[PDB]
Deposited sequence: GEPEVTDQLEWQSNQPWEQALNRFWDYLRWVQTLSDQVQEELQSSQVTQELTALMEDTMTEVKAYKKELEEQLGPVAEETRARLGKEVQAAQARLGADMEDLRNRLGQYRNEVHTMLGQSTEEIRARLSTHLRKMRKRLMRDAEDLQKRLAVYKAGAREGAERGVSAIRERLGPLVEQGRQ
């Protein structure tokens, strides 16, 4: 990924793809297979989840700043509100990712309290809770995508023509 994709319709692609890597990793975790379980005690899962969450947030932030720079003419008041809303939606998304990572840390800690033994009971509660948070994350990510779409706005053929000329 040595270059940043710059096609006009692909401006949301970097954050959404970062989000997708997060979601794929999570669907793997959700199986709670014998290999997932070990790797969760080994702190690889939460470290990797954490790298994926962070990269999502970095691409959401780059994208919001890019939209805000390509916005307008627009009333200050409305840029302020459209920004307000993106920020709020972003935050919900981060909160949901934190809850995931943190639930997985709680599970690792409960297993440490049992000296590396897991039970069916606590695996089943983890399983159930992950699914519910995964679904909440989808909803909030869809909400963030909608907030960003609204923001992509502001003001085009005129500008292009003034580059092409003939200009007098």
Stretches with no C-alpha atoms in the model, relative to the deposited sequence starting at 1: 1-2, 158-163, 177-181
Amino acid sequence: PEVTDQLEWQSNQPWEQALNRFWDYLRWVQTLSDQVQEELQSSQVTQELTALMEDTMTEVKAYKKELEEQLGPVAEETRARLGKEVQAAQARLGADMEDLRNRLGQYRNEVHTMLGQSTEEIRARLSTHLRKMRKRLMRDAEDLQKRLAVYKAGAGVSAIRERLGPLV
From here on, numbers count along this sequence of modelled residues.
Per the entry, higher mean C-alpha B factor between 49-57 and 124-132: 124-132
64-72 or 102-110, whichever carries the higher mean Cα B-factor: 64-72
Among 145, 20, 158, 10 - the residue whose C-alpha B-factor is largest in the record: 158
Where the record places residue 87 (Cα B-factor, split into thirds across the chain): middle
Chain thirds of CA B-factor: placement of residue 32: middle
Ranked against its chain, the third holding the CA B-factor of residue 115: middle
